[PDB]
Each structure stands twice: as structure tokens, then as C-alpha cells.
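Visitor: Below is my_file.txt; it holds compact mmCIF, C-alpha atoms and all ligand atoms.
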# COMPACT_ATOMS: atom_id res chain seq x y z
CA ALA A 1 -9.35 -6.44 15.06
CA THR A 2 -6.35 -8.64 15.68
CA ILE A 3 -3.29 -8.05 13.50
CA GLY A 4 -3.37 -10.26 10.43
CA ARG A 5 -0.29 -11.27 8.48
CA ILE A 6 0.11 -11.97 4.78
CA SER A 7 2.92 -14.30 3.80
CA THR A 8 5.24 -12.86 1.15
CA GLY A 9 5.79 -16.30 -0.38
CA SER A 10 9.32 -16.53 1.08
CA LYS A 11 9.96 -18.20 4.43
CA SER A 12 13.09 -16.09 4.79
CA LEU A 13 11.32 -12.78 4.22
CA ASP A 14 8.38 -13.90 6.37
CA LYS A 15 10.75 -14.57 9.27
CA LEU A 16 12.28 -11.11 8.92
CA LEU A 17 8.75 -9.66 8.98
CA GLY A 18 7.55 -11.73 11.94
CA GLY A 19 5.19 -13.81 9.80
CA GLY A 20 4.42 -11.57 6.85
CA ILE A 21 3.20 -8.05 6.22
CA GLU A 22 0.71 -6.82 8.81
CA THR A 23 -2.81 -5.59 8.45
CA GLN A 24 -3.41 -2.25 10.18
CA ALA A 25 0.00 -1.19 8.85
CA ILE A 26 1.70 0.44 5.88
CA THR A 27 4.68 -1.56 4.66
CA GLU A 28 7.00 0.50 2.45
CA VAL A 29 9.47 -1.35 0.24
CA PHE A 30 12.15 0.84 -1.31
CA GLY A 31 15.14 0.18 -3.52
CA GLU A 32 16.57 0.80 -6.95
CA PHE A 33 14.87 0.17 -10.26
CA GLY A 34 14.81 -3.56 -10.88
CA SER A 35 15.17 -4.63 -7.25
CA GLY A 36 11.92 -6.65 -7.32
CA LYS A 37 9.46 -4.35 -5.53
CA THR A 38 6.72 -4.92 -8.11
CA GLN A 39 7.38 -8.67 -8.06
CA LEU A 40 6.75 -8.64 -4.30
CA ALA A 41 3.53 -6.69 -4.89
CA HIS A 42 2.33 -9.23 -7.48
CA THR A 43 3.14 -12.10 -5.11
CA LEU A 44 1.30 -10.54 -2.15
CA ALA A 45 -1.76 -9.97 -4.35
CA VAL A 46 -1.93 -13.76 -4.75
CA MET A 47 -0.78 -14.83 -1.26
CA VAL A 48 -3.47 -12.77 0.49
CA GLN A 49 -6.15 -14.88 -1.25
CA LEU A 50 -4.94 -18.13 0.36
CA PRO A 51 -6.50 -19.29 3.64
CA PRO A 52 -4.63 -18.51 6.87
CA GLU A 53 -3.23 -22.05 7.06
CA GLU A 54 -1.21 -21.17 3.95
CA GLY A 55 -0.35 -17.62 5.00
CA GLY A 56 -3.25 -15.69 3.45
CA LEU A 57 -6.35 -13.94 4.75
CA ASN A 58 -8.95 -15.10 2.20
CA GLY A 59 -8.76 -11.47 1.17
CA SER A 60 -9.63 -9.27 -1.77
CA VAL A 61 -7.07 -6.84 -3.21
CA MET A 62 -7.11 -3.28 -4.45
CA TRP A 63 -4.22 -2.12 -6.61
CA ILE A 64 -3.33 1.46 -7.61
CA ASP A 65 -0.80 1.40 -10.47
CA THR A 66 1.10 4.57 -11.32
CA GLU A 67 3.64 3.15 -13.81
CA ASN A 68 1.59 0.66 -15.88
CA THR A 69 3.53 -2.21 -14.29
CA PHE A 70 0.67 -4.47 -13.16
CA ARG A 71 0.71 -7.65 -15.26
CA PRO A 72 -2.36 -9.94 -15.10
CA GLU A 73 -0.39 -12.68 -16.85
CA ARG A 74 2.14 -12.58 -14.02
CA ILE A 75 -0.70 -12.85 -11.49
CA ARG A 76 -1.94 -15.87 -13.44
CA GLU A 77 1.48 -17.55 -13.34
CA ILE A 78 1.93 -16.98 -9.61
CA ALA A 79 -1.61 -18.14 -8.84
CA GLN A 80 -1.27 -21.28 -10.95
CA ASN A 81 1.98 -22.10 -9.09
CA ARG A 82 0.40 -21.35 -5.71
CA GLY A 83 -2.41 -23.86 -6.23
CA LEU A 84 -5.12 -21.26 -6.83
CA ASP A 85 -7.42 -20.74 -9.77
CA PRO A 86 -5.99 -17.80 -11.75
CA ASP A 87 -9.40 -16.55 -12.92
CA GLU A 88 -10.64 -16.38 -9.32
CA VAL A 89 -7.46 -14.65 -8.18
CA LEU A 90 -7.76 -11.97 -10.87
CA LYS A 91 -11.48 -11.51 -10.12
CA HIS A 92 -10.54 -10.49 -6.56
CA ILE A 93 -8.03 -7.80 -7.58
CA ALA A 94 -9.61 -4.40 -8.19
CA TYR A 95 -7.24 -2.47 -10.43
CA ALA A 96 -6.93 1.23 -11.23
CA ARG A 97 -4.28 3.27 -13.03
CA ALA A 98 -3.49 6.64 -11.42
CA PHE A 99 -3.16 9.32 -14.11
CA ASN A 100 -1.31 11.80 -11.85
CA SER A 101 -0.75 12.37 -8.15
CA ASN A 102 -4.09 14.17 -7.67
CA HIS A 103 -5.98 11.30 -9.29
CA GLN A 104 -3.93 8.89 -7.17
CA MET A 105 -5.22 10.70 -4.09
CA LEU A 106 -8.84 10.49 -5.30
CA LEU A 107 -8.43 6.76 -5.99
CA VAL A 108 -7.65 6.18 -2.31
CA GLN A 109 -10.96 7.80 -1.40
CA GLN A 110 -12.72 5.69 -4.04
CA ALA A 111 -11.08 2.58 -2.65
CA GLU A 112 -12.85 3.19 0.66
CA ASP A 113 -16.21 2.72 -1.07
CA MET A 114 -15.30 -0.76 -2.30
CA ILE A 115 -13.68 -1.59 1.05
CA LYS A 116 -16.99 -0.78 2.74
CA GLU A 117 -18.95 -2.85 0.22
CA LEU A 118 -16.84 -5.96 0.85
CA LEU A 119 -16.31 -5.44 4.59
CA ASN A 120 -18.88 -7.96 5.82
CA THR A 121 -18.41 -10.52 3.04
CA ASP A 122 -16.31 -13.67 2.89
CA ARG A 123 -13.71 -11.82 0.74
CA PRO A 124 -13.12 -8.47 2.47
CA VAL A 125 -10.38 -6.24 1.17
CA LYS A 126 -7.21 -7.20 3.03
CA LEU A 127 -4.49 -5.71 0.81
CA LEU A 128 -4.18 -2.29 -0.80
CA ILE A 129 -1.17 -1.86 -3.09
CA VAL A 130 0.16 1.49 -4.29
CA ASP A 131 2.90 0.92 -6.88
CA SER A 132 4.55 3.31 -7.20
CA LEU A 133 3.51 5.56 -4.36
CA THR A 134 6.02 8.33 -5.04
CA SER A 135 6.62 8.42 -8.81
CA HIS A 136 3.93 10.98 -9.72
CA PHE A 137 4.69 13.16 -6.70
CA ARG A 138 8.38 13.19 -7.59
CA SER A 139 7.89 14.15 -11.24
CA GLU A 140 5.18 16.76 -10.62
CA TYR A 141 6.90 18.61 -7.75
CA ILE A 142 10.45 19.01 -9.08
CA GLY A 143 11.80 22.18 -7.50
CA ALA A 144 8.82 22.26 -5.09
CA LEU A 145 9.88 19.94 -2.27
CA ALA A 146 7.88 21.65 0.50
CA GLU A 147 4.62 21.35 -1.47
CA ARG A 148 5.45 17.75 -2.41
CA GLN A 149 5.89 16.82 1.25
CA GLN A 150 2.53 18.39 2.17
CA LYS A 151 0.65 16.37 -0.45
CA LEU A 152 2.52 13.14 0.29
CA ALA A 153 1.81 13.60 3.99
CA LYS A 154 -1.93 13.79 3.43
CA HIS A 155 -1.82 10.84 1.02
CA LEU A 156 0.01 8.68 3.57
CA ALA A 157 -2.41 9.81 6.29
CA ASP A 158 -5.32 8.67 4.11
CA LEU A 159 -3.65 5.28 3.65
CA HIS A 160 -3.01 4.94 7.38
CA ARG A 161 -6.65 5.69 8.13
CA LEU A 162 -7.76 2.91 5.76
CA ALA A 163 -5.25 0.38 7.11
CA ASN A 164 -6.34 0.90 10.71
CA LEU A 165 -10.04 1.53 10.21
CA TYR A 166 -10.69 -1.45 7.91
CA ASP A 167 -7.98 -3.92 9.03
CA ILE A 168 -6.09 -3.83 5.73
CA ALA A 169 -2.42 -4.33 4.91
CA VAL A 170 -1.25 -1.37 2.84
CA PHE A 171 1.81 -2.18 0.72
CA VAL A 172 3.59 0.65 -1.07
CA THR A 173 6.67 0.75 -3.31
CA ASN A 174 9.16 3.59 -3.62
CA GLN A 175 12.03 3.79 -6.11
CA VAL A 176 15.18 5.17 -4.49
CA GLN A 177 18.51 5.22 -6.26
CA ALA A 178 21.61 7.37 -6.89
CA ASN A 179 21.51 10.50 -4.69
CA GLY A 180 17.80 10.03 -4.17
CA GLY A 181 15.78 9.62 -1.07
CA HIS A 182 13.89 11.05 1.70
CA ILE A 183 12.41 7.56 1.44
CA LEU A 184 8.99 8.11 2.95
CA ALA A 185 10.85 9.35 6.05
CA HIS A 186 9.15 7.88 9.18
CA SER A 187 5.62 7.73 7.74
CA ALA A 188 5.33 4.02 6.89
CA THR A 189 4.67 1.53 9.67
CA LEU A 190 7.62 -0.50 8.45
CA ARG A 191 10.39 0.19 5.94
CA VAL A 192 11.95 -2.66 3.97
CA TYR A 193 15.07 -2.03 1.89
CA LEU A 194 15.26 -4.36 -1.13
CA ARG A 195 18.31 -4.87 -3.33
CA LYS A 196 19.79 -7.19 -5.91
CA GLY A 197 22.54 -9.54 -4.82
CA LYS A 198 24.89 -11.89 -6.62
CA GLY A 199 23.28 -14.39 -8.98
CA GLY A 200 19.90 -12.69 -9.14
CA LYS A 201 19.19 -13.16 -5.43
CA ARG A 202 17.18 -10.43 -3.74
CA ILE A 203 18.08 -9.26 -0.23
CA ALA A 204 15.73 -7.53 2.21
CA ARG A 205 16.61 -5.61 5.37
CA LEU A 206 14.45 -3.74 7.86
CA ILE A 207 15.31 -0.04 8.14
CA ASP A 208 14.64 1.32 11.65
CA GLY A 209 19.54 -9.87 9.86
CA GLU A 210 18.66 -10.05 6.17
CA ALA A 211 16.23 -12.19 4.21
CA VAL A 212 17.28 -13.64 0.86
CA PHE A 213 14.96 -14.90 -1.86
CA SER A 214 14.51 -15.48 -5.57
CA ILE A 215 11.97 -14.35 -8.15
CA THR A 216 10.37 -17.46 -9.66
CA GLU A 217 7.15 -18.83 -11.15
CA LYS A 218 5.81 -18.88 -7.57
CA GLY A 219 6.32 -15.12 -7.33
CA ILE A 220 9.09 -15.03 -4.76
CA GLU A 221 10.43 -17.95 -2.76
CA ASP A 222 13.50 -18.94 -0.79
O1 LIG A 301 -13.28 -0.57 -9.40
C1 LIG A 301 -12.38 0.14 -8.67
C2 LIG A 301 -11.06 -0.24 -8.57
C3 LIG A 301 -10.15 0.49 -7.78
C4 LIG A 301 -8.80 0.10 -7.63
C5 LIG A 301 -7.95 0.82 -6.84
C6 LIG A 301 -8.40 1.95 -6.17
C7 LIG A 301 -9.70 2.35 -6.29
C8 LIG A 301 -10.61 1.63 -7.09
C9 LIG A 301 -11.97 2.01 -7.22
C10 LIG A 301 -12.83 1.27 -7.99
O2 LIG A 301 -14.14 1.61 -8.11
Show this structure as C-alpha cells.
Ligand SMILES: Oc1cc2ccccc2cc1O

Guide:
Amino acid sequence: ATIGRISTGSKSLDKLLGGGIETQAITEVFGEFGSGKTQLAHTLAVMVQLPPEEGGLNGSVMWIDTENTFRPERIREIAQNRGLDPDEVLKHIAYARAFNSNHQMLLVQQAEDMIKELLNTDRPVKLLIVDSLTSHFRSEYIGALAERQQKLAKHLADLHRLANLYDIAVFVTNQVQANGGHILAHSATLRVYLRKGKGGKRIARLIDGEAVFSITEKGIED
């Protein structure tokens, strides 16, 4: 398949990303608590459902939530201010809460079943969100870094296999603050550092210029 791109909702961020996040890729956004990573996830879950002329892929979404941060009412707001029907947008987001890191890993295997079901339809899965990818692994493997890295490595390998095999954009969030961070090392296809700036602006930089955007009723925008 060719490489598809999903607009983030921000012309600035899209330019930094060469058009948007890519299918057949894992995009990892990392930054401190409150930097806007989950807002970007919510926005992408709407943007992907637009037609290509508007920066989407007419795609369905699968969302794995580890922190109970998915908000359907926020999806509704973004959709209504992106000219989409909110009920239709929510109907094309498959949502699951991961209870722990082992359940999170099983959910990725379960996602493949729905990906296969929708593959030949007019609304194939084009976006798989894992928010937060690292939170359960971090809490469960305190004092056991070597074992944590083994499990994370397999999890990321599973996500890579889905991205490439089924032409999906995988978007993952990772909280990194004071003293923290191996990030995801070199595992993602693309690392995006997100931070707060003056006056509520958000600033994005590729790790390995900078885009600037705001969180609004449209999700994010310049
Ligand atoms: O209905 C489902 C929703 C999911 C969401 C995320 C990951 C896996 C899922 C599997 C489902 O059957």
C-alpha cells in the first residue's frame, strides 16, 4: 500500500510531519503530564474519518485506553466543529480499557480481528491509538527494568506488525517528565516531543523547526 497521512488538525504540525501522521508507522508523542498528548489523540480519532481532500482516510479507529482518559463528549465536540456527524464519528471508534499491561498486550491481538473484519470495507481501520502505551508497564515493573524492556519490546513489535501489515497509523502516547525517560528508545517510527509554551500554546519538535498550535473546540489548530 502507499503511505497514507492523517492530518493532525494543525497546518503547522502537519508541515512538521510532512502532511500528517503516516500509516505503516508508529508515531510516538512524549512529554510531561498536561502537554496535550491525549488531546492530539482525540483530534486524530476524528480527523482520520474525513475524506482525503480534508486530510483524513475515511478510516475507522481503534483506541486502547490505559488511564481512563478517553472522553466521548470531547470526540463529539471536535467532530461537530470539524463538520462531521458526532454519532457517526463515535460509531467508528472501537474503544477498550486495558486493565494492566498483560491485558493491554492481549487487546492488540484482539484488535487484529476487527482490523481483518473491516479490511475490505469502506471504513477500514486506519488509526490505532494506545494512550498511554507505557503507564502500566512503568508501574508494574518498578525495580525490574530488564523485564519491562522485554515486554515493551514485544508489545511494540506487535504494533509494528499491525501498522505495516494492515496499512494503519499507530499513534502512541508516553508520559515523560522529571528524571524520567528511556522514551521508547528507537522503537517508534517517529518521535514527537510535545510541550507547553507561553499562553497555553503547545510546541512540537521531531526527536531524531518546531510546530506551534492551540487546543480548541476543533481539537487542535494553528
Ligand atoms: O470491540 C473491540 C474494541 C477494541 C478496542 C481496542 C482494541 C481491541 C478491541 C477489540 C474489540 O473487540

Visitor: My list of candidates is A:22, A:131, A:221, A:14. Which is closest to ligand LIG 301 (chain A) when distances are computed with all atoms listed in the file?

Guide: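 Among A:22, A:131, A:221, A:14, it is A:131 that comes nearest to ligand LIG 301 (chain A).
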
Visitor: Do you know which residues are at most 9 Å from residue 129 in chain A counting all atoms listed in the file, after dropping those on the same chain fewer than 5 positions away, and could you put them as a PyMOL selection string?

Guide: chain A and resi 41+45+61-65+169-173

Visitor: Give me the residues within 9 Å of range 146-160 of chain A as a ChimeraX atom specification, counting all atoms listed in the file and dropping any in the same chain fewer than 4 places off.

Guide: /A:24-26,101-102,104-105,108-109,128,133-134,137-138,140-142,164-165,170,184,187-189

Visitor: For the atom pair CA of residue 69 in chain A and CA of residue 95 in chain A, what is the interatomic distance in Å to one decimal place?

Guide: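 Computed distance, CA of residue 69 in chain A to CA of residue 95 in chain A, equals 11.4 Å.
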
Visitor: Enclose range 36-54 of chain A, meaning all of its atoms listed in the file, in a box aligned along x, y and z, pad it by 4 Å on each side, and list the centre and edge lengths in Å to one decimal, as JSON.

Guide:
{"center_x": 2.7, "center_y": -13.2, "center_z": -0.5, "size_x": 26.4, "size_y": 25.7, "size_z": 23.2}

Visitor: Could you tell me how far CA of residue 27 in chain A sits from CA of residue 71 in chain A, in Å to one decimal place?

Guide: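 Rounded to one decimal, the two atoms are 21.2 Å apart.
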
Visitor: Please indicate the distance in Å from CA of residue 3 in chain A to CA of residue 93 in chain A, rounded to one decimal place.

Guide: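 These atoms are spaced 21.6 Å apart.
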
Visitor: Point out the residue among A:197, A:132, A:179, A:106 with the least atom-to-atom distance to ligand LIG 301 (chain A), counting only C-alpha atoms and all ligand atoms.

Guide: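 Smallest distance to ligand LIG 301 (chain A) is found for A:106.
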
Visitor: Counting all atoms listed in the file, which of A:57, A:192, A:220, A:203 gets nearest to residue 122 in chain A?

Guide: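 Checking each candidate against residue 122 in chain A, we get A:57 as the closest.
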
Visitor: If you count all atoms listed in the file, which residues fall within 10 Å of residue 174 in chain A, apart from same-chain ones fewer than 2 positions away, as a compact mmCIF listing (two decimals) with C-alpha atoms, keeping the file's coordinate frame?

Guide:
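Result went into selection_36.txt, see below:
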# COMPACT_ATOMS: atom_id res chain seq x y z
CA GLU A 28 7.00 0.50 2.45
CA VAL A 29 9.47 -1.35 0.24
CA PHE A 30 12.15 0.84 -1.31
CA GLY A 31 15.14 0.18 -3.52
CA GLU A 32 16.57 0.80 -6.95
CA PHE A 33 14.87 0.17 -10.26
CA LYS A 37 9.46 -4.35 -5.53
CA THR A 38 6.72 -4.92 -8.11
CA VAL A 130 0.16 1.49 -4.29
CA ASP A 131 2.90 0.92 -6.88
CA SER A 132 4.55 3.31 -7.20
CA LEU A 133 3.51 5.56 -4.36
CA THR A 134 6.02 8.33 -5.04
CA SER A 135 6.62 8.42 -8.81
CA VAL A 172 3.59 0.65 -1.07
CA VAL A 176 15.18 5.17 -4.49
CA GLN A 177 18.51 5.22 -6.26
CA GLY A 181 15.78 9.62 -1.07
CA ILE A 183 12.41 7.56 1.44
CA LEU A 184 8.99 8.11 2.95
CA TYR A 193 15.07 -2.03 1.89

Visitor: I want to know what sits within 12 Å of residue 47 in chain A, based on all atoms listed in the file, with residues of the same chain fewer than 2 positions away left out; could you give that as JSON, numbers by chain?

Guide: {"A": [5, 6, 7, 8, 9, 10, 14, 20, 21, 40, 41, 42, 43, 44, 45, 49, 50, 51, 52, 53, 54, 55, 56, 57, 58, 59, 60, 61, 75, 78, 79, 80, 81, 82, 83, 84, 89, 92, 93, 126, 127, 218, 219, 220, 221]}

Visitor: Which residue, A:190, A:118, A:215, A:111, has the smallest gap to ligand LIG 301 (chain A) when you use all atoms listed in the file?

Guide: A:111

Visitor: Using only C-alpha atoms and all ligand atoms, find the one residue out of A:119, A:185, A:94, A:145 that sits nearest to ligand LIG 301 (chain A).

Guide: A:94

Visitor: For each of A:90, A:46, A:13, A:168, take the minimum atom-to-atom distance to residue 125 in chain A, counting only C-alpha atoms, then give the residue where this is smallest.

Guide: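 Distance minimum relative to residue 125 in chain A lands on A:168.
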
Visitor: Generate the missing atoms of range 149-169 of chain A up to N, CA, C and O atoms and report them as an mmCIF file, in the frame of the given file.

Guide:
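To be explicit, this is the file written out as selection-v4.cif:
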data_model
loop_
_atom_site.group_PDB
_atom_site.id
_atom_site.type_symbol
_atom_site.label_atom_id
_atom_site.label_comp_id
_atom_site.auth_asym_id
_atom_site.auth_seq_id
_atom_site.Cartn_x
_atom_site.Cartn_y
_atom_site.Cartn_z
ATOM 1 N N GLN A 149 5.991 17.484 -0.047
ATOM 2 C CA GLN A 149 5.890 16.820 1.250
ATOM 3 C C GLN A 149 4.507 17.002 1.861
ATOM 4 O O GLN A 149 3.994 16.079 2.508
ATOM 5 N N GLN A 150 3.881 18.167 1.652
ATOM 6 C CA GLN A 150 2.530 18.390 2.170
ATOM 7 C C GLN A 150 1.543 17.406 1.556
ATOM 8 O O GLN A 150 0.730 16.800 2.263
ATOM 9 N N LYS A 151 1.597 17.243 0.232
ATOM 10 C CA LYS A 151 0.650 16.370 -0.450
ATOM 11 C C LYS A 151 0.910 14.905 -0.116
ATOM 12 O O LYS A 151 -0.030 14.142 0.141
ATOM 13 N N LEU A 152 2.180 14.492 -0.125
ATOM 14 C CA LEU A 152 2.520 13.140 0.290
ATOM 15 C C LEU A 152 2.038 12.862 1.706
ATOM 16 O O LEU A 152 1.553 11.764 1.999
ATOM 17 N N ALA A 153 2.183 13.839 2.604
ATOM 18 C CA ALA A 153 1.810 13.600 3.990
ATOM 19 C C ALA A 153 0.324 13.313 4.117
ATOM 20 O O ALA A 153 -0.090 12.420 4.866
ATOM 21 N N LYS A 154 -0.500 14.063 3.390
ATOM 22 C CA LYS A 154 -1.930 13.790 3.430
ATOM 23 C C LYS A 154 -2.249 12.445 2.803
ATOM 24 O O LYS A 154 -3.093 11.702 3.312
ATOM 25 N N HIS A 155 -1.590 12.121 1.690
ATOM 26 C CA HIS A 155 -1.820 10.840 1.020
ATOM 27 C C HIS A 155 -1.503 9.685 1.961
ATOM 28 O O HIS A 155 -2.289 8.738 2.088
ATOM 29 N N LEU A 156 -0.352 9.746 2.636
ATOM 30 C CA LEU A 156 0.010 8.680 3.570
ATOM 31 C C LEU A 156 -0.962 8.631 4.740
ATOM 32 O O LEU A 156 -1.298 7.549 5.233
ATOM 33 N N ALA A 157 -1.427 9.793 5.204
ATOM 34 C CA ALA A 157 -2.410 9.810 6.290
ATOM 35 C C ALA A 157 -3.706 9.129 5.866
ATOM 36 O O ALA A 157 -4.312 8.387 6.655
ATOM 37 N N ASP A 158 -4.151 9.369 4.624
ATOM 38 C CA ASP A 158 -5.320 8.670 4.110
ATOM 39 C C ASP A 158 -5.107 7.158 4.140
ATOM 40 O O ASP A 158 -5.999 6.394 4.536
ATOM 41 N N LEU A 159 -3.928 6.710 3.711
ATOM 42 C CA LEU A 159 -3.650 5.280 3.650
ATOM 43 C C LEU A 159 -3.570 4.669 5.038
ATOM 44 O O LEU A 159 -4.084 3.568 5.265
ATOM 45 N N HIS A 160 -2.979 5.388 5.990
ATOM 46 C CA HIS A 160 -3.010 4.940 7.380
ATOM 47 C C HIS A 160 -4.434 4.758 7.864
ATOM 48 O O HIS A 160 -4.782 3.717 8.435
ATOM 49 N N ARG A 161 -5.276 5.769 7.647
ATOM 50 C CA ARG A 161 -6.650 5.690 8.130
ATOM 51 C C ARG A 161 -7.361 4.459 7.585
ATOM 52 O O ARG A 161 -8.112 3.802 8.313
ATOM 53 N N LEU A 162 -7.126 4.112 6.314
ATOM 54 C CA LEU A 162 -7.760 2.910 5.760
ATOM 55 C C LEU A 162 -7.200 1.641 6.390
ATOM 56 O O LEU A 162 -7.952 0.707 6.708
ATOM 57 N N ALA A 163 -5.878 1.565 6.522
ATOM 58 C CA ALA A 163 -5.250 0.380 7.110
ATOM 59 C C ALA A 163 -5.832 0.091 8.483
ATOM 60 O O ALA A 163 -6.211 -1.049 8.784
ATOM 61 N N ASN A 164 -5.908 1.116 9.336
ATOM 62 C CA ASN A 164 -6.340 0.900 10.710
ATOM 63 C C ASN A 164 -7.842 0.744 10.818
ATOM 64 O O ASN A 164 -8.327 -0.090 11.587
ATOM 65 N N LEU A 165 -8.592 1.541 10.057
ATOM 66 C CA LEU A 165 -10.040 1.530 10.210
ATOM 67 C C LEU A 165 -10.648 0.241 9.666
ATOM 68 O O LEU A 165 -11.632 -0.256 10.223
ATOM 69 N N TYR A 166 -10.082 -0.312 8.593
ATOM 70 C CA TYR A 166 -10.690 -1.450 7.910
ATOM 71 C C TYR A 166 -9.854 -2.717 7.999
ATOM 72 O O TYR A 166 -10.190 -3.707 7.340
ATOM 73 N N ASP A 167 -8.790 -2.722 8.802
ATOM 74 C CA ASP A 167 -7.980 -3.920 9.030
ATOM 75 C C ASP A 167 -7.395 -4.444 7.728
ATOM 76 O O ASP A 167 -7.572 -5.607 7.360
ATOM 77 N N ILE A 168 -6.691 -3.558 7.025
ATOM 78 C CA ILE A 168 -6.090 -3.830 5.730
ATOM 79 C C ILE A 168 -4.577 -3.683 5.838
ATOM 80 O O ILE A 168 -4.079 -2.814 6.563
ATOM 81 N N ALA A 169 -3.847 -4.528 5.111
ATOM 82 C CA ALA A 169 -2.420 -4.330 4.910
ATOM 83 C C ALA A 169 -2.232 -3.409 3.708
ATOM 84 O O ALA A 169 -2.684 -3.716 2.600
#
